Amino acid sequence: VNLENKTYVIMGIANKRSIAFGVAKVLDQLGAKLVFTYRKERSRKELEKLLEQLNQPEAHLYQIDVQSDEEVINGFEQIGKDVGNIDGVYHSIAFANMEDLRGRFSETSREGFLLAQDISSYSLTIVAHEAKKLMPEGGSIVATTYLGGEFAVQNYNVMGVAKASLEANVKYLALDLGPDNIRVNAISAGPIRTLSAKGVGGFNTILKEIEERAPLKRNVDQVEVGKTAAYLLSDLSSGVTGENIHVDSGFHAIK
């Protein structure tokens, strides 16, 4: 994986603990040119500070809230004018209301359910449509999911249904964009201590059950996700699309 002369858009860095910053450090270390998108002003500030650790000689930062079609459309169009065609997109974006990530899934509100779908699943479809315009000769799109999209995990509740939606999204996008030589895949990351992890009830209980029960008897980190992302975003994974790679110490393979 030399990724020199490649360009990747990484969506969803908030701080140094973000999964997407793991991805960024690995891709940066392999020589990629990187372009970052953020929602909150504070995330841009963190990005300007985190770019000091990377070898990127230019900050390419774009504010994109994926709840707005205009921002996604205009964001990518402007990325295209600033750096040209890209080779792929790492999508590391999700949200649900804290009200809905605990207690009873059956009490989820319509508004909470559709908010989680909108940000955590639909965003991939529209990002893919707009990113395709910058990948005339192909490339690779990777989204971040969690095992709670494949099995009902206590407390993950509405986000689980959104990740089920996301994972089907990857498959329908794979099928649709295949002929354009655009691969679409997911990484199913094991639990990692991030800012968004604080929203999920029982998160610490899960970290520790991974250590005791997963095959490798340890938890994974953001850089491990990043290394599999580099695989999925590079020519190493030619032939792989519509796939869900579990970066979770083997926890998916056990019961």
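Numbering starts at 1 and follows the sequence shown.
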Look up the CA B-factors in the entry and say which stretch, 139-147 or 72-80, has the higher mean. 72-80
Quick one: say whether 91-99 or 159-167 has the higher mean Cα B-factor in the deposited entry. 91-99
Which third, lowest, middle or highest, does the CA B-factor of residue 130 fall in along this chain? middle
Considering only modelled residues of the same chain, in which third does the CA B-factor of residue 55 rank: lowest, middle or highest? highest
Once the chain's modelled residues are ordered by C-alpha B factor and cut into thirds, is residue 236 in the lowest, middle or highest one? highest
If you rank the chain by CA B-factor, which third does residue 207 end up in: lowest, middle or highest? highest
Taking only the Cα B-factors deposited for this chain, tell me whether residue 85 sits in the lowest, middle or highest third. highest
